[PDB]
């Protein structure tokens, strides 16, 4: 198969990888007028995977992608069942299943009023704002913006790191069907794991849904001073290499919780001390599979974030089904010295989380419920793994094995990641936007 890269919305396959991003959540007021605007908007602004892989000289100053919720499709008279079990009811109706404290959800996510989302990516505020204004001007009164959430990469040497300090966006699946660089340790999967209607997708899709994908969007607020204080209060006293200072033990505990050091070095490869050069090297930073630590936790806890969300050899071999693409971006200001010293969050910051898959229940939702929330996953281990400490949502939030020298010790971890809302969207192919959605 040859994927039509010019017809696939770029954030799905390639990722915008821009320094700034805005999510404009909207409701449709006038379906006919919306469709009329869409037919002029799409060819001019919707950015394909082909554009994202081209030289920067051939790229627009901002990229735009567009997804619809179930109620958005219904509002537009797009009534065919897309074949996904969770998409029709929306994420609010699924939130309790995910383990969410519903009291922390906020409008306009607390229902199914949201009809869709424009994602705008750009390396600069000015261009982000101009392309946002272009949407407002093009669509006019045919839509109402019900929320805009804006994110930004962190500054300086923290570019690409999320707010707890950890380098993000290292490990992504690679799909067959196009010409791409594959790094050592990177999963290679059929395109239908990500793209609806392609090989590997087992969902029952309308023909017009070919080369779309489902987005799980999550708005997470992060509690950074609290996370930092917890690592200091529970600093690991020693590892195989020797005794740790409190600061070293706190850094190590953070790395044990994630499965990677802040630099990106995976603990399976660097189990006792950071290796920043390894973290920065994509030829090496993903080249592990837990095969050296299937039945012990010295090299990596069973319940570390990355191991829970991608179990690699814990599954007994390569498995296509549960991989997904991520295109998340941090939001909010840096954490001040005063904030860190107090140990108490004073500003709103976090992650605008974006995960793409053909089957919501096999990607985001499987990683969340079957794996992260599941105290007995990974299976068949000599010590109960417990709840994933970063995003696991089962109480008590108890995780074992964080101390490599006392693996039976359990850690009860306060929740540092608060879901504030989210939605399930479908991003059609570019042709489907104008030939089906706007018909």
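Residue numbers count along the first chain shown, from 1.
- Of the two segments, 287-295 and 338-346, the one listed with the higher mean B-factor is 338-346 (C-alpha atoms only).
- Comparing 424-432 with 11-19, the higher mean C-alpha B-factor in the PDB entry belongs to 11-19.
- The residue among 193, 159, 250, 215 whose C-alpha carries the highest B-factor in the deposited model is 159.
- Across the options 69, 374, 57, 47, the residue with the most elevated CA B-factor in the record is 57.
- Sorting the modelled residues of the chain by their CA temperature factor places residue 389 in the lowest third.
- Placement of the Cα temperature factor of residue 229 within the chain: middle third of the modelled residues, per the deposited record.
- Among the modelled residues of its chain, residue 155 has a C-alpha B-factor that falls in the highest third according to the deposited record.
- Residue 127: CA B factor lies in the highest third for its chain, per the PDB record.
- When the modelled residues of the chain are ordered by C-alpha B-factor, residue 95 sits in the middle third.
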